[PDB]
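Subsequent text provides structure tokens for two forms of one protein chain, presented individually as structure 1 and structure 2.
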Structure 1
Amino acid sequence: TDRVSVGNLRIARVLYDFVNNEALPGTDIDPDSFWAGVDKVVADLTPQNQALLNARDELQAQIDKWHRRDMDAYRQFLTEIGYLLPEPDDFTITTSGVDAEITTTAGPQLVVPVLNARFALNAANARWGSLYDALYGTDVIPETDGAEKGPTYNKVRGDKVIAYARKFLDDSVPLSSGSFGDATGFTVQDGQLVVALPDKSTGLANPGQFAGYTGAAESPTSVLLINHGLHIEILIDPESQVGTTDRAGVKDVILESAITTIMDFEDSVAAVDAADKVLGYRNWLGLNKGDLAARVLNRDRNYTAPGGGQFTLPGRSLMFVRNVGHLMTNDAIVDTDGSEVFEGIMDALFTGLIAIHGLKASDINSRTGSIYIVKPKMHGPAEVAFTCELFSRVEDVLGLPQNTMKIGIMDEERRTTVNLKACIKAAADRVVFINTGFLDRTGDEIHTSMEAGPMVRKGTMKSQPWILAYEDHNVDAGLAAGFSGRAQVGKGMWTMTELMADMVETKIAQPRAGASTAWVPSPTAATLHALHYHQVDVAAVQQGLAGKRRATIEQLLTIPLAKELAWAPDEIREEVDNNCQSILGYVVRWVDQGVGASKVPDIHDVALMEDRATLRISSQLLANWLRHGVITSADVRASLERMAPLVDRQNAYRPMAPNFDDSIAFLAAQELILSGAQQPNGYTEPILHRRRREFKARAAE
């Protein structure tokens, strides 16, 4: 083959070479030791990896049987089989060497496919983002009559943007008197910010919010403010398009936006072989070496402190990498038997290895010496413990100090949810966040209780008692584990990329709920979501939540079973079409173009940023409805066939219709549903991976 033999492993040459030529140089890690380490770690941890996965299946089968055959009983049952484990005594996480962006700063956290270097670079650079751009460019400023986005600058719209931002300034960094809306100028005197108004001048109600400035104190080019640990920069440039129209010559308001970014190897990317992984790893590498270029990485920002000294602010989002979970294998490395190696294990090794570059001078990431790995899709504390051991073992291979590799725990599986405290405990010295991956979580919810009855509709799930309890329980567990000031308590993604007005109105709920972070899909969204952290004092919210237990185990365990006869035929139809459309729209680009996250229009034409989890939900929901006779297989087929041409229309593209059964992507979509009930925990990867690989193969001959 085109493989490299290393002990029991046969490493894809492309990966082998990548690692030797790109990833290893500069790390002082002995290549042979590295590779011997790979082999050893893989041999050592693979069996437990498999055991854990088997354990998921065993638990699921027992739960399946339980339904096929009442809270106290169900709970008692979950406890007997070891699904529901004892909650450990209170503890405080001890995680150290974590950067301020994670321990302290509350703000947006951007998640981006690492395979898309353009996007990844944009994300890394999204630490700072133009508020005017975010406002003008999205519907946060309604495109009502006269204020629409035109081919060119609409002054009326620009004025609304300006006014929006002035109000934001007033609300975030209040003047002692008057409104920023009436500022005619900014100056710095005696290290104090002085805002010129028509009738007089004023300072900030809290001078401490004056963070700095650029240019001459007496006609600064910008003024830097801080509020809730987040920076705001008023750019002053009368001789600019927008500045010329502005009463104080203000060109823009720049917000510190994506404080952190998750470079995603998991649900937002399609990587099914060594070539894919290598592309991912190489972007991750370029990000860490600071030399990724599509466009380049921002340098730090220079400011003059209020007193006149000089200082610097991070110009880049602090990067996490999201590794894949324990489930999938990838033929990037196979053993002598030809068995694919566990991809999670590999990610730990390679992203960890690669991350070392981000810990050192770039011809840079964590100044405190941590590598931040988000671990998705874990089920329960043993799986968390396993990830920690994996990290521990990788750290050894990489010659890294123990606990350098921090873990961002996704709480997005039910068995993690109801054992969240134990999971956090398992990673007490590595955990830098917990996050409610509510989409996967819903997928898991459905699969876990697949046999219980028909589930409520997809759109209903977001408001179901289990998920609201899950959201609160997550925050409670983090806060009780001392996350406040130590680790992020994070919440899920806003997926409606075009519904920014909506995001600004509603996503504020997450910091209000004590989330020191939440996920946005884009730099723009990060900037807008930043607004929320100016309005909400997350530190205070968290302090106020301390000691609260706002969710009971019973609530967490409240299966979202649909009430008897819940839906009219048209509602069932729409739900089926809804799900088939999103499955097809997502899958076709996954399978055909190896794109793992896309703005897929939905049934109502709303642009959703679909990642794999949305696929997990839809396919599981459909599988669940099919399982319980809500819909028939013909209903599914009809909807797939009906929705397919639309998806074909909504799209370098291979149409699915009319010859559906020649379309691997169409077959994938179908398979995802018809086999949904049999996918472990409803995971879509096995099928997506197979189908994408199949497609790649046909794309060859």
Structure 2
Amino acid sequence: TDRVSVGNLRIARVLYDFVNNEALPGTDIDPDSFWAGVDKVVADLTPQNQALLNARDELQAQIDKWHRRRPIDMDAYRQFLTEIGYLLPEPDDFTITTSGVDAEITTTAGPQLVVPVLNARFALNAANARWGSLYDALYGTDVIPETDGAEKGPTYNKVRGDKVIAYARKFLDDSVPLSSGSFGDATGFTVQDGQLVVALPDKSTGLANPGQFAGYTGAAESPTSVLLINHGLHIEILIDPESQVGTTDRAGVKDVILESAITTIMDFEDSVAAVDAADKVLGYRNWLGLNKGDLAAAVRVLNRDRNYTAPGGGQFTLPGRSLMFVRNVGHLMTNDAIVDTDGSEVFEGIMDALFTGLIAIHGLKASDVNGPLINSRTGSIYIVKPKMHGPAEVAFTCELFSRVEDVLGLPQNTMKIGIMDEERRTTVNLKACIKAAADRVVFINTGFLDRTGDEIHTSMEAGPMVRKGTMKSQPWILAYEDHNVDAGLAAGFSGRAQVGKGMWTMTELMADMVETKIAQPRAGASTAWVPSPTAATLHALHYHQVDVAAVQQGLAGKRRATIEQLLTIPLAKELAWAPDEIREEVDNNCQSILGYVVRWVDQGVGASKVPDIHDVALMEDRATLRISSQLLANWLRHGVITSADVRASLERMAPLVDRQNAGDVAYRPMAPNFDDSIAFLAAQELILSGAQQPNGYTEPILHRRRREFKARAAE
């Protein structure tokens, strides 16, 4: 065929081989029984999966027709959504009962990294990013300005280094204050009677709160490092007077190390391009290596844990790696990794649950067959499930997980669930969605891109929508952000599960990140997404300056969003825009699509630093495609713009995207032979067919074009 027959299934040999030879050994699950369970799970769960997808289509069909007869009566609109089953009754108050959850999630607040699992070295970097140098972060980025004269160059600018040092000293004052004086005047550190004691030029002092002293290394009389704790996060003062930086430091300090990326999401969904059996296996194989703890790539090796000395005691170890979640794909797509007897593809999410769940077994244990490094410490498996619509699709995820756990021979509720709030039918039924996963949920979060794509698609027929930039401050999205935090805290998330907020996408603009991203913890988010290990470290500053626990209890019991605000469709007003503004918005959207699409389709890259139309480096996932294509399809549908406008724009934008990828040998230009670039045709189709797509999802077209490209590369 060539495939492996097991019941109604025809399994791609690469997958069959990978599973039996690499993933199964060490798990004590008998191969023939694993494959029987797979057959059974797929046979039993496929019908309901399909039933859900159909229900999505029926609802959207009803809304499309409703809008085609029309301001908007919100009373009648709201009651329509209730009649059809879109808006469901808000259940009574409850508290989640999820148990066996790691410390990283229950108690601590901090940055959360996301990385495409298909890139080993990015995945490895993310795992080791649990601890990072603040000096390197401050020195290498624009947090410390190049004026003056702190300009960066080949040589080490000693002027810049002093700025870094002073910056770090201040942070210490702010986060672990001394009873008198400041770290900036320190001459040394000693450990007397299980207390940190700091040497001043005048006298000496202790911590204003001695309980913030976590541990140390070396002799108590002359420590090689000091370990501090604040708001659950650790701070390490590396002390070494013989160091280059140390010789010039008043107290011999070499560096300050911050606990940064507390948890990481290894991503199988929107940051990766994976359209067939071969791609899935490359992804499963890295997930395997991460869980074994033996993954290593050729630039290297997962960092082992960090050992310290307790204040008045023996040794203790702290986790050196970021706690790994995995984002499986959602309920939509199928993949040829497995087909049935009639040749139709199996649902890709069901597959991920089985395989990523199986592979995750190796991370619950350290052995010669399971590999040396453990992930979860409380025996959990953390799966973020994206793009769910409403509480019934959450319950289906519960059931899927529950069924997988039987096949894997795991205790029930082993497989925990991160509910991404990124679709409108979830937003407005959020409390119900959490309720359906009440014994499994460990995470909710919000974002911009997917949610705004769905916003636009759901109300496609209602009229033209505001510009993408404008969306970020519209009533619905402000309500959506608050209503998430509120639903969460009301379900008892504080001290139990993460409340997360979106990615900082501008990877070179770190000064701005430090200035503004502090808004997310101030809004009571226990975690938020960062695009790099450097960003994780800088964002960790915010959890020191903000007591997320304190903020969360202050927000307790508040109902800051109304259903009316959630349901306020972002229609543009009359007149609204001038020609030049319209063209500018089209260009920006065609550049966004083209810029991301060309690397996805031509090179199978789903996450990278893509310069936007103003050459700013952005790190967005595939959901950039959905928001951009839906906005244009919306503008197209209501005659704000034409198909020829869109094509003229794609043709204008293409050569810029081309020259923006000049430093690439494997890059192939889209201009001037437009109609012969699979990437180009993919970008054009995403728009002109955008309105027909199920909920505006881009994967159907995208996967097919990537398949088409790989097929032409087979000759």
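In this text, the rigid core denotes the largest set of C-alpha atoms whose superposition between the two forms falls within 1.5 Å. Sequence positions of structure 1, starting at 1, serve as the residue numbers.
Asks: If you line up the core, which of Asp90, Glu80, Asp396, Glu239 has a CA that moves 2 Å or more between structures 1 and 2?
Replies: Of all the options, the C-alpha that shifts by at least 2 Å belongs to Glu239.
Asks: Once both forms sit on the same rigid core, is the C-alpha displacement of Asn302 at or above 2 Å between structures 1 and 2?
Replies: For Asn302, whose C-alpha is compared between structures 1 and 2 after core superposition, the shift is less than 2 Å.
Asks: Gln543: after superposing the rigid core, is there a C-alpha shift of 2 Å or more between structures 1 and 2?
Replies: No.
Asks: Taking the rigid core as the frame, does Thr144 move its C-alpha by 2 Å or more between structures 1 and 2?
Replies: Superposed on the core, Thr144 moves its C-alpha 2 Å or more between structures 1 and 2.
Asks: Could you tell me the distance the CA of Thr184 travels between structures 1 and 2 after a rigid core superposition, in angstrom?
Replies: The alpha-carbon displacement, core-superposed, is 2.1 Å.
Asks: Rigid-core fit: what Cα movement does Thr460 have between structures 1 and 2, in Å to one decimal?
Replies: On core superposition, this C-alpha lies 1.3 Å from its counterpart.
Asks: Let me know the CA shift of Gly514 between structures 1 and 2 in Å, rounded to one decimal, core fitted.
Replies: That residue's C-alpha sits 0.5 Å away in the other form.
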